[PDB]
Amino acid sequence: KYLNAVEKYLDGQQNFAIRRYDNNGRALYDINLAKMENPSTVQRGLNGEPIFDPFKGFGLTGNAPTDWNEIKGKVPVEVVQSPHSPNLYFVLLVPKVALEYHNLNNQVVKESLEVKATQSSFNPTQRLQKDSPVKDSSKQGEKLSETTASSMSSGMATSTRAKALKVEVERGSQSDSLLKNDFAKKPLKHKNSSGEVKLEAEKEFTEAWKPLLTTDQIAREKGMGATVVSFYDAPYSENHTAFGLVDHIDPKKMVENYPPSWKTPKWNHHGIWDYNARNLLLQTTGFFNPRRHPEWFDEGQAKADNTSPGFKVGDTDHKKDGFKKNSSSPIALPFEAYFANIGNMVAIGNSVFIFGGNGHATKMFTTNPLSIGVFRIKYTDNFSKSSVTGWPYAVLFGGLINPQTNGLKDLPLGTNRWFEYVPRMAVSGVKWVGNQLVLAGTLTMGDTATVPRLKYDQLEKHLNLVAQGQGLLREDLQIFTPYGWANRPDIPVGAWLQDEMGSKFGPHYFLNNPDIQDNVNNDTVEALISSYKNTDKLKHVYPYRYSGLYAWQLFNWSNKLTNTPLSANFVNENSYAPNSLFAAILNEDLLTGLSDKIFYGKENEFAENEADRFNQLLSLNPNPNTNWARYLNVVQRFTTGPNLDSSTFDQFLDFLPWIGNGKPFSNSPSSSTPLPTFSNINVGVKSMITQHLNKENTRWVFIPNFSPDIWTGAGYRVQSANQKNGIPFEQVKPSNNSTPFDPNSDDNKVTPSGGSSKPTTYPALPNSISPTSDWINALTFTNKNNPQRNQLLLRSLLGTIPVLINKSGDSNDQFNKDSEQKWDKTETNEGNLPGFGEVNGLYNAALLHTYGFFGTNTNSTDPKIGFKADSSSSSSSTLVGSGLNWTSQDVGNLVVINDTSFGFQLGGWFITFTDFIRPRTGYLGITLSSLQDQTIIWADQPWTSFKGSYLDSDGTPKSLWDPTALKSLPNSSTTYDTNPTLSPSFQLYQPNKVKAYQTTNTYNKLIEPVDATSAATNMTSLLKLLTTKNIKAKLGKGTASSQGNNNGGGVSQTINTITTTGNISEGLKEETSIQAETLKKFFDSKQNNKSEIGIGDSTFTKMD
Amino acid sequence: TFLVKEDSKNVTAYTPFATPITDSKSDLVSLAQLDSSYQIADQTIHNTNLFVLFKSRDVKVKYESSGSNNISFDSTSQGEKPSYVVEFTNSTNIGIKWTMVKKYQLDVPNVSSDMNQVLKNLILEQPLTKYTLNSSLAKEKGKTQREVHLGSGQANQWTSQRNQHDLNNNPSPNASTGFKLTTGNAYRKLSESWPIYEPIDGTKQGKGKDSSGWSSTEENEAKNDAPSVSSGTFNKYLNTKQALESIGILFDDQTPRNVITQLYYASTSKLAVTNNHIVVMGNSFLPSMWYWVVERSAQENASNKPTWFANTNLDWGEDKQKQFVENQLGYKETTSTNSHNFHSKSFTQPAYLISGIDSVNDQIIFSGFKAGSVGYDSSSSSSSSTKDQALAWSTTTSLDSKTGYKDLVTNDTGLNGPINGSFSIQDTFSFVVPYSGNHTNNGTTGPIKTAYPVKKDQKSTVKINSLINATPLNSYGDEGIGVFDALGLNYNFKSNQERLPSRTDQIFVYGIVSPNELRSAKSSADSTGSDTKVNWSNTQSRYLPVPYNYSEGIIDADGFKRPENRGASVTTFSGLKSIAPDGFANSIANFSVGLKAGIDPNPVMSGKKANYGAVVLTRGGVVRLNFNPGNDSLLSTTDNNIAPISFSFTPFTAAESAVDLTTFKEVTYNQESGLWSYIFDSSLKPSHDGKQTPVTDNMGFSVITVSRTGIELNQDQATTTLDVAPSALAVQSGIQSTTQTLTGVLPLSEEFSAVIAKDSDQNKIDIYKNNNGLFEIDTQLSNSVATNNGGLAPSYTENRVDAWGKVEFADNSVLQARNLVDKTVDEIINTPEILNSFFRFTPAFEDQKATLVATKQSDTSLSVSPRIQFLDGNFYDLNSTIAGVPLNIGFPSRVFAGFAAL
């Protein structure tokens, strides 16, 4: 009713129309849908052709088109021509609310985060459930049973280590229970303090975020949903214009095409075991959870928890748990997501597609609506009748396989027979780049931050990670908090308490750390893993000490792409905001030809019960009468960034500059000089990979060069300069202070045929586990990963990469650049590398220097903001924004440059995909053009200033800018100091507390944290930096003090490009180095000539 | 007029209305004057002439180890029924009825004094079967390189003793040299006969090449374990008689005929035609060593001998790949007394599993998998350490090899002898040998050498002879390197990771062959005495392993292998559990079927010949072949690092992976639309399972659509050269039903197509709307066309809308209303656009239109009859005839009068 009143009010005070211009840009007529008197549909023949005489015009039936009463008031936002039928047009109509959505009263348009009155001081952990689960003293005896006797079965290799645990599941015959339900064994429970610590919307989201309008209400209320009307236009004829058909974009015709797995998002194909693991770890369950994505659910956050997941859970008897039951919170298309999904029409044949927009129509500070799928309207008998339907992007993008893209590999863009991966796009646009149809914009990968899981007792000292998993911290980048990771994310809770004391370093569950990783020797695997042969009703948790760093975790447990489609067995979650650029060539004929209604089947459904789930195959023959698979092959190709892979990508990331100040992230152009942030070349000290791990067969396998020396990067560990190459086993992990990990023990030894015992742990280890640790020679130790690299590129272009801070600019809390920062001593605490809480893959000190948080890089006077690795006491730290408020959804028009190149505005950058359609070897395939207006760059809400992009007749795309159109924040903090001030880049970065850093051998082990729950009250001067306004004030950009152009309305144009632009073939290839190092040398040699590499400042001209 | 196979012998022409022509059903086998024992294999249309390939179940061939006519038909029991290819022309005054034009008979190949030596001791593995198991394929590991060169017991002396055996710097003394034939799948000489039983486990069951041992007792034991229908138990064997019969092996009551007869009958399985030549090649279900080249001008009383594939020196891409294939056949210098093998007699790859044969623009395209062939020892005694063992080894490119496809396939790893095995790389393992050339873990130590696994001293006593496998696999060793080569898991560790191609396993062969060399092939076939070689230039080979997704546990492939993958459950063939959904019981041997070339219907730059690309189905994906019509050669790009552009593999999805590849029936190309169609008939499935259980899902059919994708050649000036191989795309088209016995599909027109099916022993018609590649049902039109009242065409429902729509005529008073009085009859006849105003029409489908044709009836009147567009895109009226016979639909002709005398 409120929205109906608003629409009625706006029907009087607002006027909109679509006026047509001649080829010379002279107005001809208006077409004011709210003022067109006696409009009439086109008189049609029997064959459907609209009677038309060029001079008399289109024939009019004299009666208004359908739904005219409820369509006259809507606003036009898009017009698209047909490619075949002459004089036929479609115009996209939306309500005036979708234009005034932001201006609506706050109490009906709320934010998923609340600043509150702050009567008790700001503390980011207040809204986070943090307390850890504790052993159930009434359910101890149902822990998974160790194998009674390992079946030798001619497996001569014998291990004294603890035997595997049995996981037996068999259907039996009981109606609602299983004879054995081992995966459901549940020995843990939530801590009971001031009530049970668990996720429950009722007691947490009292003022729950909810959409304006449920999807059913959008469908029913015709006047509130988008609608497209096919009308015919002729400028020089008497009857110049007349309408055809009117078709509402029904959200129900979209929801009805959701995969059935999306009726129960709290669940996943894994089911009971992962559901239990997540629930106890306080990570929200499922594959697309309203706890993390409240936009898409009619009831919003009111369903944001794991309760009622669509499968029986929490039963007093574990054998009962795991049965399909009634569900109440399916994925839907409420108002915000819907109107993010309406935009960028394209017409193909007799059908017109709406691919959705960038979502800014309803994108608030802490919520990210996106386009979840493709709406299609198909017209029949020559545009006489029509049918409206839509399909989700998930079923369309299932066919993604690495052989397609030329860019990064193993990205989290895959899915499987259950479409638990929910891609959505902030759509730049859809356009024919020559003969190839291109869809472009930004896309949300599968979650890659929460892929590791904490140990059940280490949630009070990893607040950032636990929040990321909880949905309080809507941050996509991977936070480097590796101390408490479980040895394996996918170990059921039935095997967490098999070693409570931790003295034995329980082989099945221990604090993940690669230093104690088992060999891969035939004897080792035969004795440990292969011996416990698994049957249809038995699977084992192997004693093999599985453990690896972030790269290994993702490689095993992320929906990474594979050479075959629908092959991603491990989908954790979906990113919050679009964390990856995406441009895909779609299949025009297939899109035209696919049927309107989709038909899934039992294969797409989840397993009905655990008995069927256990032997659940990944690939099943589709039911004969189903047609869901046909949709899988839409994407002909795709790309996400420059056509570079591995550390070459991070080397380029070093090359791109930061719009905030323009200085490169590398700081290369000038002994304690600043070091690059992403790449490791010339960082730390070279080490030989031939001395790592087995110390065998690696002199020429990883590095083609004769000398396989690899730059360990920042935060490396070495016995001494004389032994920089490889570190021996002196990272012994003690559980208590009780002595080293003690290799050579009977527990950590394997007896092969004959009993010739030997240790199972490597002699020498790689020289770094730092967040910037790269190791082509040890995937178990390496931390840099392609999923991280893509998000890093997107967020570096956006300019909002967070930084860890120990010391703000306050008096007596100042970080001094001089006499306190020593780049030459990165191994010691003098290097200030946190090693805990930092954004994975980057170096905190280098990032801060680039930002200028310390030094005069960004400000005339040193802000004296930095991170200090204190050694004389405990240290607390918090992540803070970059000071810029660009958001990843900030994507403009998709402008086609020529038959082979296209681009769009992205935040403060204009990015042109030079080499996507027809890639050329050796070219990075991307040209970037930065924005020069400081007022726009540093604005509080910059994307409100972008007023569209287009291709200029001269052949260079340009983007409008109105520095007077910036929309300030909703209010001046009312009248009191609001410590949390929402902004598009604002994130509740939780505090991190870390033990004192060692003076020497600082990073030999993982940097241990301590319970940081109570540390919030002791870091007010750091929490105050969470709000972007305070960071800007520190840097001097807080207010008009930025100065420069006062109004400065004008237009910006991308850098001029030529054939040789983007050529890095010299920087690529390999003759005397490694590819990353040679690319680093190449870029370093061209720091003063970034233009020819496709990086430059966009030319800007003033317009009054 | 669509020619569709009624049954094994009858073929009939169907009208676009999906109705057969009267008396058009013809018994072609009798027409060709061939006894009832014959049946037709495949048919092609070329210049409106119908060709047929005839094969008979009565044929019986014999092989004689001595003499001249070693391969000849068995006329003792009137079994001399050679195959025939017959050209048929529709010779009559319009009306589909066929007649003899030319009948070409195919004779058995002649064997030279050099081919005969090889064939005498050649043994052929029993054919792969739809119900074959991985462990059945598996063969127990043979002697290792150390065991075969230094001997057993002499350990820890490899470094010292490897120099004098020309294996300098060899890093894998434990490298396998093949598999022992003492068990496993039954091998048989050309003059012997395969058994109907298959060993479940090929490391413990089956007697392999020991025919005497198998027949003595093991055959009886297999019969006891597996009877023929269940009363059996199948603890050790599978009775695959039904699945052997289904795929084209002839039987005598219960035992298959001799291997030479089986090979001949399998080789006469496919047909392609050209204005000058006709080529016949074998099917995909068992290797075919010989193919016929037929000269259309040959005299009708002459014989058309084939060519030995061993005489066809295909171009495998690079000479390194060619010699890699040629070096695994057998020992070169045997000279024992008569021990001869394909390599020694200077012969190339002898067997291929030809996916299909097709022609376009007078060019013939052939594609298929390289059938494995490798030496084996037959010393039988002191005895050679390699006694009873096949000499095979994986040839995967080493990890060290420089990146780039050319460098990978040219890497000398395994050029001469086995080097792969098991190894440990940092935190993971790489079955491929890490090094090559002269690289080691401590610098350079000189080139790595390899040599054939046969001890030098016993060179005069080792009897080595060739063999032919039933699948692309070359080295059946139950070992990790073998499984990885089969499943395509070998990946180099460098930054620019790539797949190391097993140059001699799972090798896919494709190419285009021209008349200038088909003539040389014919000359080779005619070659008297010593054989003469044939060179095929425009051909190439690409390593195309089975998808890794078809094996349990192997979730994904990367350089870094999960430790569990070292377990014996995944390392070995015998332990490799198969989840293959494509109807095959195994998931370690690839298989292709249904090559069909086609012309690009889309425009092209003026002065450039229209493109033509060919697609061939394969397990888990579609392989497209790209050609340069400007030279009628494989499309290639200058940058060697890029993969050979002429080949592009597109993986499947679940819908296509679920389509049984063993039920391929026919493939048709829609020339005007540009998409293939792969129709699969479930009825081709055998009657009973391998465990003798009746097959419960023999009813149904399904078709797969293959549409072009990517950027094609010569589209625009900036496309005259390409660096990305044009890639195809397969979809589950939409025509599939499990409850109907299909008869045939009709490429009716661009927007529609029809399928003939039977569900109650009575023919039924349902038409499908072709939505630019995909099909879906349109029931409303289906019933309308079905209402033929037994007539040749659907009748016009004058009172209801039907396939012809509904037409309503305007009253004759409209002549007065529009002031047509002044117009003359001729004047109105001259204006069809004015005739339009006399009737209003309601078409039944999109783009359907109707128009009027009128003729004079008097000085003031004329007669008009309507023309209506039909589903096929042809106008139908009173004068409409299909192959002569009138349709006689009975449209409402009208007469109008009232014209002036002007």
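Residues numbered from 1 in each chain as written, not as in the entry; some residues may be left out. Chains lettered and ligands numbered in written order. Part of a larger assembly, values for the part shown. Heavy atoms only, no water. Residues with missing side-chain atoms left out of burial classes, pairs and counts.

- Judging from the entry metadata, cryo-EM is the method by which this structure was determined, and 3.3 Å is the reported resolution.

## Concerning the environment of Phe-838 of chain B
Residues and elements named next belong to chain B.
Here is step 1: Summarising the element assignment, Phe-838 is placed in the loop between α18 (832–835) and β49 (839–842).
Here is step 2: We classify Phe-838 as buried; its relative accessible area is 5%.
Here is step 3: Taking the C-alpha atoms as reference points, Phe-838 and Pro-472, 366 residues apart in sequence, are found 69 Å from one another.
Here is step 4: Apart from the residues lying within four places of it in its own chain, the contact partners of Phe-838 are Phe-809, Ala-810, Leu-820 and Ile-828. (Helix = DSSP H or I, 4+ residues; strand = E, 2+ residues; numbered from the N terminus. Buried < 20%, exposed > 50% of the residue type's maximum accessible area, 1.4 Å probe, protein only. Contact = heavy atoms within 4.5 Å.)

## Quick word on the sheet that holds strand β4 (residues 38–45) of chain B
All names here are of chain B.
Here is step 1: Judged by pairing direction, the sheet is antiparallel, and its four strands sit side by side in the order β4-β5-β8-β9 without closing on themselves. Each edge of the open sheet is held by one strand with a lone partner, namely β4 and β9 (99–105). Neighbour-to-neighbour, the strand axes of the sheet open up by a mean angle of 25°, direction not taken into account.
Here is step 2: For strand β8 (residues 84–89) and β9, the ladder comprises six bridges, and the chain directions are antiparallel. For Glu-87, the partnering residue across the bridge sits in β9 and is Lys-102. (Pairing = 2+ DSSP bridges. Axes fitted to C-alpha atoms, helices over the stretch in contact; angles between N-to-C directions.)

## Observations concerning the interface of chain B and chain A
Here is step 1: Between chain B and chain A, the contact holds 69 residues from the first and 70 residues from the second.
Here is step 2: For the pairing of chain B and chain A, the buried interface totals around 6,000 Å² over both sides, and the portion due to carbon and sulfur atoms is 55%.
Here is step 3: Connecting chain B to chain A are one salt bridge.
Here is step 4: In this structure, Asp-556 of chain B engages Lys-560 of chain A in a salt bridge whose closest nitrogen and oxygen atoms are separated by 3.3 Å.
Here is step 5: Linking chain B with chain A are 26 residue pairs in polar contact.
Here is step 6: Mapped by element, the contributors of at least two residues to the side of chain B that touches chain A are β25 (424–425), β27 (439–440), α14 (654–657), β43 (730–737), β47 (774–777) and β49 of chain B.
Here is step 7: Taken together, the residues of the side of chain B that touches chain A sort by class into 30 nonpolar, 24 polar and 15 charged. (Buried area = accessible area lost by both parts, 1.4 Å probe. Salt bridge = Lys/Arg side-chain N within 4 Å of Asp/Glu carboxyl O. Polar contact = N/O pair within 3.5 Å; in protein donor to acceptor, adjacent residues only side chain to side chain. Nonpolar A, V, L, I, M, F, W, Y, C, P; charged D, E, K, R; others polar.)

## Section: the pattern of salt bridges
All names here are of chain A.
Here is step 1: Within this structure, the stated rule accounts for 61 salt bridges over all chains.
Here is step 2: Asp-182 is the salt-bridge partner of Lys-180, the closest N and O atoms lying 3.6 Å from each other.
Here is step 3: Under the relative-accessibility criterion, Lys-180 is labelled partly exposed at 26%.
Here is step 4: Classification of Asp-182 as buried rests on a relative accessible area of 4%.

## Let's talk about the sheet that holds strand β23 (residues 375–377) of chain B
Strands in a sheet are paired, the pairing made by backbone hydrogen bonds, and the direction either parallel or antiparallel.
Here is step 1: On the basis of which strands lie adjacent, the open sheet formed by three strands has the order β24-β23-β29 (chain B) and antiparallel pairing. Strands with a single pairing partner mark the edges of an open sheet, and in this sheet they are β24 (390–391) and β29 (464–465) of chain B.

## Side note on helix α16 (residues 786–798) of chain A
All names here are of chain A.
Here is step 1: Taking 1.5 Å per residue, 13 residues should reach 18 Å; α16 reaches 18 Å between its end C-alpha atoms and fits that length.
Here is step 2: Of all 13 residues making up α16, 13 are buried, and the element is well covered by its neighbours.
Here is step 3: Positioned one or two residues after α16, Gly-799 has a phi angle of 80°, which is positive. (Expected span 1.5 Å × (residues − 1).)

## So, the packing of aromatic side chains
Here is step 1: Counted under the stated rule, the structure contains 91 aromatic pairs over all chains.
Here is step 2: Between the aromatic rings of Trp-943 of chain A and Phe-946 of chain A, the centroid separation amounts to 4.6 Å while the plane-to-plane angle is 5°, which identifies the pairing as stacked. Pair check on accessibility: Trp-943 of chain A and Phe-946 of chain A agree, each one buried.
Here is step 3: Here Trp-214 of chain B and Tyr-237 of chain B contribute two aromatic rings whose centre-to-centre distance is 6.0 Å and whose plane-to-plane angle is 70°, an arrangement assigned as edge-to-face.
Here is step 4: The class for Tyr-237 of chain B is buried, based on a relative accessible area of 0%.
Here is step 5: Members of the aromatic cluster, each reached through a chain of ring pairs, are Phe-17, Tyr-796, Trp-804, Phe-870, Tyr-876 and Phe-891 of chain B. (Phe/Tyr/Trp six-rings, centres within 6.5 Å; stacked < 30°, edge-to-face > 60°.)

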